[PDB]
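> please find the sequence and an experimentally derived structure below.
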Amino acid sequence: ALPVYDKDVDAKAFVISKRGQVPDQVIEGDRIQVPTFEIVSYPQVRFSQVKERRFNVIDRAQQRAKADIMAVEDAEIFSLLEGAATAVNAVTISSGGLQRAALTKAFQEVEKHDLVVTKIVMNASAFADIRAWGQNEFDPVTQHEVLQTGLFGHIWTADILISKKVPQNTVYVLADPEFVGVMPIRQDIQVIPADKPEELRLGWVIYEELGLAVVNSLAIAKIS
Amino acid sequence: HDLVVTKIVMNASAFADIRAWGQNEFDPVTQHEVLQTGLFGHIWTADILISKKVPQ
Amino acid sequence: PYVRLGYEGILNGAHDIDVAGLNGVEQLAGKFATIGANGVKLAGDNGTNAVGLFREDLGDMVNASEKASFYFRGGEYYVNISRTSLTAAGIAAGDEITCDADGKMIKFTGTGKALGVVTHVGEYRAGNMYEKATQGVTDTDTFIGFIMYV
Amino acid sequence: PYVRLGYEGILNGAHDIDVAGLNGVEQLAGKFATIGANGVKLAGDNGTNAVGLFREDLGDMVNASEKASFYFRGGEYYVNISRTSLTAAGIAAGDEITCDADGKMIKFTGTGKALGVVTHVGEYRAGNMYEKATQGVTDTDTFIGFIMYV
Amino acid sequence: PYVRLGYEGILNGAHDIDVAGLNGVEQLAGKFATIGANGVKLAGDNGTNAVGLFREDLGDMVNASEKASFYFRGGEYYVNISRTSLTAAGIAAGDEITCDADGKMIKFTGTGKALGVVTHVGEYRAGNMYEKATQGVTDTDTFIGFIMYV
Amino acid sequence: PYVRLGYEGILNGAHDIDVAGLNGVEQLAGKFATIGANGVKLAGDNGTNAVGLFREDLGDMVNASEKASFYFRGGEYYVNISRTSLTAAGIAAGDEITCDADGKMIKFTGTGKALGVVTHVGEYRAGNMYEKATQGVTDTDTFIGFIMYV
């Protein structure tokens, strides 16, 4: 916005935005059970409930990472991220060395970081790394760490597009408005219960997910 | 002089270069660093241009 | 009046030169084109058409939008490409679409130019009878079959 | 082309139709004259030109100016400019007319002096200062809605 | 030269109507576009510039920006014409400015050389993958200055 | 009823038994359907809720797999491909059907365009090739009632 001391005229620039709409969506997942099986087996009712709950949180993760916004979609991590810069990558002998390298780049920019949201294959393989004959180059020299490195968490998530790592800080980037919180409902008169002596377990939630901006979230893809 | 003033691009490519004997080139460690060379801080300025380092 | 019509309005037609500047730009990439739209789809389903009011809605979706008998003060300054279209209306469904913007000549082929209500986006029908609201930025009342600029 | 030389009437009369500066080309709109979206009629027409004070009701039509609103842009302060690629039409038997706005004739009644600027009071008075298009400066008024030359 | 085949003694803009004679669509003898008779503001200019973002005054009357930000609205990317002042070599007293659609010549500073749109950081630029796209009719030649269009 | 005469799979059943198939009055299988109720239907209908993979009851009748989320049919792969199979009132369930083991269709809900097996209690799930039955690679459409089989 340079002064009239480099004989330049000041910029009267006005920042720009594009707008996104998110309608309410339902995420849900079901477990189907026979009463007889649940009685004879014994723990099965308790287990079925833990299993239906874990299944809904998993389908939730799936959506949040990988998918492009359609119409029946919210805001998804993989869309919002900044595109890969090949320059940040250089000649390595380890998967761990690339992974250390992505993380540091974000700090330079003055982005926010708090966690590593990585491909399941990439995170693991990064832990597993060698120097060409063993010794991990992202974990200590007699100890293994898969919880937190650099003092930030690591999330390994399946479906997010092959061999990619994303620094970002979750709290800034997205926010989840919850129209109604998680609840189980069960119906013995539903589509499936009628045909065969079954009970239907439905476990649902109604969400929306908002993705503020494109910044403070960077993705880098591995060396050529 | 107690810190290194680099270009954002140069620093990141410089950091990413790992030896073939598997040591990080800035500091000889197998851990995450916040970016340290000479046990000194990194200040990232984007007026400095690529392939340039200026200690001061 | 104002429902969509087919007739080489819906699905792209045959190849005119409708681009001044070089053809194809891959700008705006990552916005998908809908399957079907407002009104009656006749002779194909297309969510997007060349020449008209278009709108992002639903985030990373783009579609057709009707500009009625008035308004197009806040039109658009990006158009959906008019290559492959006889009347400069119709453009293929599906994928991240190729856009252009304005600064280029288009062709409408038919009766009346820049008079009456739209009967379908990129069209202008008239007889020189009856006072019916005009909208868009279109040119030239004088010469029918004229090459009109968005 | 037809341009009225009148000053009785408030939908008839003009003496400034086009008005001075350097650079600022880009962007195009047109719009209909008189009241549209009338019947389920499809055709437009052409007629005789009238240049007076006009106002948008919002959208692409301008019509009989009873008041001014807005302190922003073209306002409710629209005048008809004749072109040679039009037949030109005002009140009654409208057509797509190119308009202009600002530094044209305005109407006084003996209330206010100077500057044809977009304001929220019909009888046009100063309250936004400096050029904006406007180069006019009136220091004289007439009773009863009569059309004064800037 | 001073008039025709160039314009000279101007500091905002340079040479235009080098095709010789008018050809603009919906043009009469044009109307003031203003930034050197003082517009309403100009957006951007990251160095010495007097190309900004420009706006329609809701018709064919064109001026420099009158609306904030940089959002969708209708119209075509004009070739920018700048006529000589009737002062010695200062600005203001510039001649009614006919807006050519595809005349000669302005500088090019987007992606491509026949393509380019106008943006809020000044000059002409290529598009964005979020809003707009590139497609213009920038013509021959290149020159980045407070003098420009050579 | 005597209706459903001639070689119908498209008005026979409640859902398609085949739409591109064919079989004659040739019995390459004289087995009954104990799938799809009659006694509240036409005798041109069978009322079949699956025509896909079957499993044999006690006696010599085939019907749909009524299997849960921890049960499944083993072998006994047949697909229903009857049109009228040696009747004179149109096939109804409890009357003769001719089956094959390579016929069509294979019902699937899912989200479609993928392999499907039958476990039909309202429960559909996909194919694999070591977990669930090997369909051989095919695309079977979404929602039962219309299935185009490859």
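Alright, I've got the coordinates. Numbers count the residues shown, from 1 in each chain, chains lettered A, B, ... in the order given.
> how many neighbouring residues does residue 74 have?
Since you didn't name a chain, this refers to chain A. Neighbours of residue A:74 under the rule other C-beta atoms under 10 Å in any protein chain shown: 23. C-beta here means a position set from N, CA and C on the backbone, and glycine is covered the same way.
> should've been chain C
Close neighbours of residue C:74, defined as other C-beta under 10 Å, add up to 15.
> show me the contacts for it.
E:71-74 (C-beta atoms under 8 Å, 6 or more residues apart in numbering or on different chains).
> apply 6 Å and report the result again.
If a contact means C-beta atoms under 6 Å, 6 or more residues apart in numbering or on different chains, then residue C:74 has residue E:73 as its contacts.
> again with residue A:68
Counting by C-beta under 6 Å, 6+ apart, residue A:68 touches residue A:79.
> now do the phi/psi pair for it.
Residue A:68 adopts backbone torsions of phi -100, psi 150, taken as degrees, to the nearest 10.
> go on, residue C:72?
Main-chain torsions, residue C:72, degrees, to the nearest 10: phi 170, psi 30.
> how close does the residue nearest to residue C:89 when sequence neighbours are not counted sit to residue C:41?
Once flanking residues are discounted, residue C:89 sits nearest to residue C:122: 3.8 Å by C-beta to C-beta, 6 or more residues apart in numbering or on different chains. Per C-beta to C-beta, to the nearest Å, residue C:122 is found 16 Å from residue C:41.
> more neighbours: the two, which one.
Between residue C:122 and residue C:41, counting by other C-beta under 10 Å, residue C:122 is the more crowded of the two (24 against 16).
> so the more buried one makes contact with residue C:64?
No. In terms of C-beta atoms under 6 Å, residue C:122 does not count as a neighbour of residue C:64; the distance is 10.7 Å.
> where does chain A come near chain F, residue by residue?
By C-beta under 6 Å from any C-beta of the partner chain, the residues of chain A that approach chain F are A:32, A:34, A:191-192, A:195-196.
> among those residues, name the buried ones.
For the residues of chain A next to chain F, a burial check counting by 16 or more other C-beta atoms under 10 Å in any protein chain shown picks out A:32, A:34, A:192, A:196.
> which residues are in contact with the second one?
Read that as residue A:34. Contact analysis of residue A:34 by C-beta under 6 Å, 6+ apart lists A:198, F:68.
> and it, how far from chain E?
Here the criterion is C-beta to the nearest C-beta, to the nearest Å. By it, residue A:34 lies 52 Å from chain E.
> farthest-apart pair in the buried ones among the residues of chain A next to chain F, please.
Put simply, by C-beta to C-beta the two of those set farthest apart are A:34 and A:192, 10.9 Å from each other.
> what touches both of the two?
residue A:198.
> where does residue A:77 fall, phi/psi-wise?
phi -50, psi -50.
> my read: it touches residue A:65, true?
Yes. Using C-beta under 6 Å, residue A:77 makes contact with residue A:65 at a distance of 5.1 Å.
> compare the two (neighbour count), which wins?
For the pair residue A:77 and residue A:65, the greater number of neighbours falls to residue A:77 (24 against 19), based on other C-beta under 10 Å.
> where's residue A:27 relative to chain B, distance?
Taking C-beta to the nearest C-beta, one finds residue A:27 at 35 Å from chain B.
> hang on, that residue in a strand?
Yes. Assigned with DSSP: H, G, I helix; E, B strand; the rest coil, residue A:27 falls within a strand.
> could you pick out the residues of chain A near chain C for me?
Applying C-beta under 6 Å from any C-beta, one finds that chain A approaches chain C through A:20-21, A:69, A:71.
> looking at those, which is nearest chain E?
Nearest to chain E among the residues of chain A next to chain C, counting by C-beta to the nearest C-beta, is residue A:20 at 10.0 Å.
> who's in contact with the closest one?
Residues counted as contacts of residue A:20 (C-beta under 6 Å, 6+ apart) are residue C:59.
> and the residue sitting nearest the centre point of chain C, helix, strand or coil?
In chain C, the centroid-proximal residue (C-alpha atoms, centre = their mean) is residue C:51; its distance is 2.0 Å. When classified by three-state DSSP, residue C:51 comes out as coil.
> verify the stated contact: it with residue C:120.
No. Under the criterion of C-beta under 6 Å, residue C:51 is not in contact with residue C:120, lying 9.9 Å apart.
> picking that back up, just curious, which of the residues of chain A next to chain C is nearest to residue D:105?
residue A:21 (45.1 Å).
> and the gap between whatever residue of chain C ends up closest to chain E and chain A?
Proximity of chain C to chain E (C-beta to the nearest C-beta) peaks at residue C:75, 2.7 Å away. When C-beta to the nearest C-beta is applied, the distance between residue C:75 and chain A equals 17 Å.
> go on, residue C:61?
6 Å.
> over to residue C:139?
Distance of residue C:139 to chain A, given as C-beta to the nearest C-beta: 30 Å.
> and stretch C:51-63, what's buried?
So for stretch C:51-63, counting by 16+ other C-beta under 10 Å, buried means C:51-54, C:56, C:58-63.
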